[PDB]
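In: The data below comprise the sequence and an experimental structure of the protein.
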Amino acid sequence: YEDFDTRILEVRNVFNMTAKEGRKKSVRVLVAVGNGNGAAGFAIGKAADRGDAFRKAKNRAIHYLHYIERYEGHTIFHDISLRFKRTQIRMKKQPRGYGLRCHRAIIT
Amino acid sequence: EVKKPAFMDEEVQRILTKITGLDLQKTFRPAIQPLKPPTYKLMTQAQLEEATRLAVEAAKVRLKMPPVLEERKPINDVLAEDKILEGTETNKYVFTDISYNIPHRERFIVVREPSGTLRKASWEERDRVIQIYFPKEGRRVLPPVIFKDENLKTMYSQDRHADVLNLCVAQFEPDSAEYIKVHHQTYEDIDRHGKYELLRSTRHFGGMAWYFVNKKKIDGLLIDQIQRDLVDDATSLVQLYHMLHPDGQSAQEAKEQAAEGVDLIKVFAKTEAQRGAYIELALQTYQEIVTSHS
């Protein structure tokens, strides 16, 4: 998968209280992958070591590849407004040279 | 006397419009300008054909040819000579009437010289000051530097003749010497290098063919129109050449033989063509290809 790139979107140090260890820490990583040609996916990997959470999330996301339709290879086909849970996103189709003017995660 | 045909004569504009041609893709080629998100409409085949018709109507207004005029005559009129004011001023005064509702060619622009002579402003002074007080988008107060022969040659190498002419129309007046100089230089470079296709489906094709007809050098345009299978256009060009030169040997020969269609082009080759041998060769080869294939 040399044509695919992986980017990190969040690294969290959550805690699970245990009788043996008290507060126990794991690394929860959210990553996204894409080949820059319409195919992309995301996954979450959890482990006790950060390096392991990177491997788990990176190889899991390659199994959930969406294909996204791009108008003329540079933009969305039409405006998109949606609510996912309590997060609202309002995307707009723009002409060439407009660039990405979006949340930093959306730019990634 | 039979009137000499004009550029705006309904007959000349018909022939010049035809040979120019139309191509909605070239006429409406995308402009490199600030962009907006495109709009979309769902249309039936009837609606789509209506929209294509409106596009062709706009392409006609877009292809309206710019005026072809004779060079203006220098303005040299002295309104007064008040010698009492000789030596009392060091610099000329230029007075411009800026009443809004006067045509620019009917405005009074006078100059009070240091000698005391009150004279009318020259053509160069008239155009410069009217740009300062009635600024026109595209025009600059001082003549741009792109119109220098070295700079113009640069534009020709890049095949930017339609821009050299679009710039010459924004800056200079149609009857000015600079306007005629730049246009006649662009038309001449197209001839030598056979780049007639650059100005097709543009408003500048009529003036170029007009210039060649008046200068009796339509040979290249005929050879080029024939090689592109536009032989109906070539015939119309020979008709325009037989219209602006009625007493020419070629025009008199076509009357004797009542030539029409491809015959008109053959008559031109024998009688008045600078390079008749090539016109027949290209015309003959076209007939062979048309006959052989179909």
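Out: On my side now, so go ahead. Residues are numbered from 1 along each chain as shown, chains lettered A, B, ... in the order given.
In: contacts, neighbours, all on C-alpha from now
Out: OK.
In: what about residue 97, neighbour count?
Out: Unless you meant another one, I'm taking chain A. By the criterion of other C-alpha atoms under 10 Å in any protein chain shown, residue A:97 has 9 neighbours.
In: The intended chain is chain B.
Out: 14.
In: for the residue lying closest to it once chain neighbours are set aside, phi and psi?
Out: Distances taken as C-alpha to C-alpha, 6 or more residues apart in numbering or on different chains place residue B:108 nearest to residue B:97, at 5.7 Å, with adjacent residues excluded. In terms of degrees, to the nearest 10, the main-chain angles of residue B:108 are phi -90, psi 120.
In: Just the residues contacting stretch B:118-137, thanks.
Out: Stretch B:118-137 has contacts (C-alpha atoms under 8 Å, 6 or more residues apart in numbering or on different chains) with B:74-82, B:94, B:96, B:98, B:104, B:108-113, B:139-142, B:170.
In: Just the buried residues of the residues you listed.
Out: B:94, B:96, B:104, B:109, B:110, B:111, B:112, B:113, B:139 (16 or more other C-alpha atoms under 10 Å in any protein chain shown).
In: And the next helix or strand past the longest helix along chain A?
Out: The longest helix of chain A (DSSP state H) is helix A:50-61. With elements assigned by DSSP states H and E, the helix or strand that comes after helix A:50-61 is strand A:66-67.
In: Show which residues not belonging to that following strand make contact with it.
Out: With C-alpha under 8 Å, 6+ apart, strand A:66-67 has contacts from A:38, A:39, A:40, A:41.
In: which SS state does residue A:8 fall under?
Out: Using DSSP: H, G, I helix; E, B strand; the rest coil, the structure places residue A:8 in strand.
In: For the closest residue to it other than its chain neighbours, grab phi and psi.
Out: Excluding the flanking residues, the one nearest residue A:8 by C-alpha to C-alpha, 6+ apart is residue A:31, at 4.4 Å. Taking degrees, to the nearest 10, you get phi -120, psi 160 for the backbone angles of residue A:31.
In: quick one: contacts for the residue sitting nearest the centre point of chain A?
Out: Compute the mean C-alpha point of chain A, and by C-alpha atoms, centre = their mean the closest residue is residue A:32, 3.3 Å away. Residue A:32 makes contact with A:6, A:7, A:8, A:9, A:40, A:41, A:42, A:43, A:58, A:61 under the criterion C-alpha under 8 Å, 6+ apart.
In: hang on, isn't the last one packed against residue A:33?
Out: Which is residue A:61. Yes. Counting by C-alpha atoms under 8 Å, residue A:61 does reach residue A:33; the two are 6.6 Å apart.
In: Which residue ranges of chain A form strands?
Out: Here chain A has its strands, by DSSP state E, at A:5-18, A:22-34, A:39-47, A:66-67, A:80-84, A:87-91.
In: strand partners of the longest one, parallel vs antiparallel please.
Out: It stands for strand A:5-18. strand A:22-34 (antiparallel) (DSSP bridges).
In: Flag every buried residue along the strand it pairs with.
Out: Neighbour-count burial for strand A:22-34 flags A:25, A:26, A:27, A:28, A:29, A:30, A:31, A:32, A:33, A:34 (criterion: 16+ other C-alpha under 10 Å).
In: Looking at these, which one is closest to chain B?
Out: residue A:34 (26.2 Å; C-alpha to the nearest C-alpha).
In: Need the nearest residue in space to that closest one, chain neighbours excluded.
Out: residue A:40 (4.0 Å).
In: Can stretch A:92-105 be said to contact chain B?
Out: Yes. Stretch A:92-105 reaches chain B (C-alpha under 8 Å from any C-alpha of the partner chain) through A:93, A:94, A:95, A:96.
In: From residue A:82, how far out is the second one?
Out: Residue A:94 sits at a distance of 18 Å from residue A:82 (criterion: C-alpha to C-alpha, to the nearest Å).
In: Compare the two (neighbour count), which wins?
Out: residue A:94 (19 against 10).
In: pretty sure the more buried one contacts residue B:36?
Out: Yes. Contact criterion C-alpha under 8 Å: residue A:94 and residue B:36 qualify, at 7.3 Å.
In: Now do the helices for chain B: every range, in order, please.
Out: Under DSSP H, chain B gives helices at B:10-20, B:24-27, B:45-62, B:123-133, B:149-157, B:161-171, B:177-193, B:205-214, B:219-227, B:231-244, B:249-257, B:262-271, B:276-293.
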